[PDB]
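These notes concern the structure reproduced below.
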Amino acid sequence: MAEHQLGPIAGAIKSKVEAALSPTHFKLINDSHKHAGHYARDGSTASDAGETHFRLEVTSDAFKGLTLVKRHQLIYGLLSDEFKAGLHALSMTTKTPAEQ
């Protein structure tokens, strides 16, 4: 018993919220970076390569067995808000084998 409630930080976060109805652990961090329409040398933000300002990590039992893409389809929250920022993202999920 120790509820840590995280509100709607960004659009992508709502995806993890769906998973919240299931027994699991969900870590979602979305930094992103808005582009300044004023334009000095700010909207030119593009330094990422593989730096990632968004990552979705969901842990069930903490023993990877099933394909990580399986749970990712459930949330469909990857590559939307971070792409708006201009950065990349990485998503990994650990869940016990679906073959039990």
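The numbers here are math on the coordinates, done by the rules we state, and not lab data. All Cβ positions, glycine included, derive from the backbone under ideal geometry; neighbour counts span all protein chains shown.
Within segment 72-100, if we keep just the residues that are touching a residue at least 60 places away in the same chain (Cβ under 8 Å) and of a type in the set (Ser, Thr, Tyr), the residue that is nearest to residue 44 (Cα to Cα) turns out to be 80.
Could you list, in sequence order, all residues of segment 57-68 that are under 13 Å from the mean Cα position of the chain (by Cα) and either of a type outside the set (A, V, I, L, M) or surrounded by fewer than 13 Cβ atoms within 10 Å (Cβ to Cβ) (or both)? Break it down stepwise before answering.
Keep residues of segment 57-68 that are under 13 Å from the mean Cα position of the chain (by Cα), which gives 57-59.
Scanning segment 57-68 gives 57, 59.
Does residue 54 fit the bill of being touching a helix residue (DSSP H, G or I) at 6+ places or on another chain (Cβ under 7 Å), without any contact (Cβ under 8 Å) to a residue 40 or more places away in the chain, surrounded by 15 or more Cβ atoms within 10 Å (Cβ to Cβ) and of a type in the set (A, V, I, L, M, F, W, C)? It is false that residue 54 is touching a helix residue (DSSP H, G or I) at 6+ places or on another chain (Cβ under 7 Å), without any contact (Cβ under 8 Å) to a residue 40 or more places away in the chain, surrounded by 15 or more Cβ atoms within 10 Å (Cβ to Cβ) and of a type in the set (A, V, I, L, M, F, W, C). Taking segment 7-43 as the range and being surrounded by 13 or more Cβ atoms within 10 Å (Cβ to Cβ), touching a strand residue (DSSP E or B) at 6+ places or on another chain (Cβ under 8 Å), farther than 22 Å from residue 88 by Cα and not polar (S, T, N, Q) as the test, only 19 passes.
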